[PDB]
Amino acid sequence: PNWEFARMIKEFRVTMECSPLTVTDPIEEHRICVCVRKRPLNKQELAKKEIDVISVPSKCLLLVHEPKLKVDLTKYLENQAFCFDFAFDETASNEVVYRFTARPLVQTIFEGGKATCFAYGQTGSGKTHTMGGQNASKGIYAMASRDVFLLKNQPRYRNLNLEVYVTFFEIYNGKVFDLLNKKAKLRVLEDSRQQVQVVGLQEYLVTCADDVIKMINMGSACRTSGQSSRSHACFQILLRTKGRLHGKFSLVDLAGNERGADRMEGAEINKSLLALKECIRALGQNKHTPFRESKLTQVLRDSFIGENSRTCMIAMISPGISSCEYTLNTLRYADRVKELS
């Protein structure tokens, strides 16, 4: 009679009663990981006496303390619960976030796989802080790379004779721009073999964590260079052997999810994120493609269609009261993503 409700509940209950061993366990595929990270209220927000309306009372639970008025003007809270594979609170460092989000996926590229990790959320919520880090080394791009190098110099993987390359680009108004090559506008193509090639995208050999941080810092400066969440940034790590691609980790600082204004680049952003949602779900459901395509999902197409492909989504949350409607929007996107599995 009410199976659907029962099932949603089962899924809720299962995602609560879970440890860190489930995602980090190999010996069982965990193709889709979804997390949430609350950032702290900052100085400017405290300066406007903004209320913090988020709590993270467990490693799996996030609470939104939604402020409400009764019809008669009586104030009250609607305390709404959301569960995720992991839930990081206002104290969690980038290193802690990295350890349970992307770090597990590193190994996937070494096993000939394609990985993807997405920072998703409203503008000002911590997407770039998480992935990019002025200081690249405090980010996930850097940390992923650090660990990619350690895996390379392990016994298990020395035999493979692997060279590490990196790419770094920005997707803005459906055009791709190479950030390791002075914002060079590139041309995206569908090969008659149905597969996507970014023409002119510079890959650059790297030998060393610090090399990579050098490249990230350069690409970052090239992004700004003037005067983000206007556009998507994607930083890839490629393992090649004989020029032949072994595996690939694409790490993406998405664009601001907040679009219902009506400068209707916000339409492009919306179709991207809807498409991304469908591609992520397509993943677990070897299933044809994002359905109203976007570049983002063109360029990243290979990293979902694969049989040996993992992904991880990190919903970012601004804890302020004035962000509450955005927060609830971020969380509901995330809900539906995790909904597969």
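Note that residue numbering follows the sequence shown and begins at 1.
J.: Select one of none, 1 to 3, 4 to 9, or 10 or more to describe the deposited residues without coordinates separating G126 and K127.
T.: Gap between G126 and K127: none.
J.: Hey, how big is the hole between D262 and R263 in terms of deposited residues without coordinates: none, 1 to 3, 4 to 9, or 10 or more?
T.: Some 4 to 9 residues are missing between them.
J.: Where do the C-alpha atoms have the higher mean temperature factor in this entry, in 250-258 or in 191-199?
T.: Comparing averages over the C-alpha atoms only gives 191-199.
J.: Quick check: 20-28 versus 6-14, which has the larger average CA B-factor in the record?
T.: On average, C-alpha B-factors are higher across 20-28.
J.: Between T167, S228, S145, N94, which one tops the list for Cα B-factor in this entry?
T.: Max CA B-factor in the entry, restricted to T167, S228, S145, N94: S228.
J.: Highest CA temperature factor in the entry: which of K287, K70, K38, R310?
T.: When the deposited C-alpha B-factors of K287, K70, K38, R310 are compared, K287 is largest.
J.: Determine, from the deposited record, the chain-internal third of the Cα B-factor for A221: lowest, middle or highest.
T.: According to the entry, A221 has a C-alpha B-factor in the chain's highest third.
J.: What third of its chain's C-alpha B-factors does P104 belong to: lowest, middle or highest?
T.: According to the entry, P104 has a C-alpha B-factor in the chain's middle third.
J.: Where does the C-alpha B-factor of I305 rank in its chain, lowest, middle or highest third?
T.: Its C-alpha B-factor, which the entry lists for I305, ranks in the highest third among residues of this chain.
J.: Relative to the other modelled residues in the chain, which third contains the C-alpha temperature factor of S58: lowest, middle or highest?
T.: Its C-alpha B-factor, which the entry lists for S58, ranks in the lowest third among residues of this chain.
J.: Based on the entry's values, in what third of the chain does the Cα temperature factor of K214 lie: lowest, middle or highest?
T.: For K214, whose C-alpha B-factor we compare with every modelled residue in the chain, the answer is the middle third.
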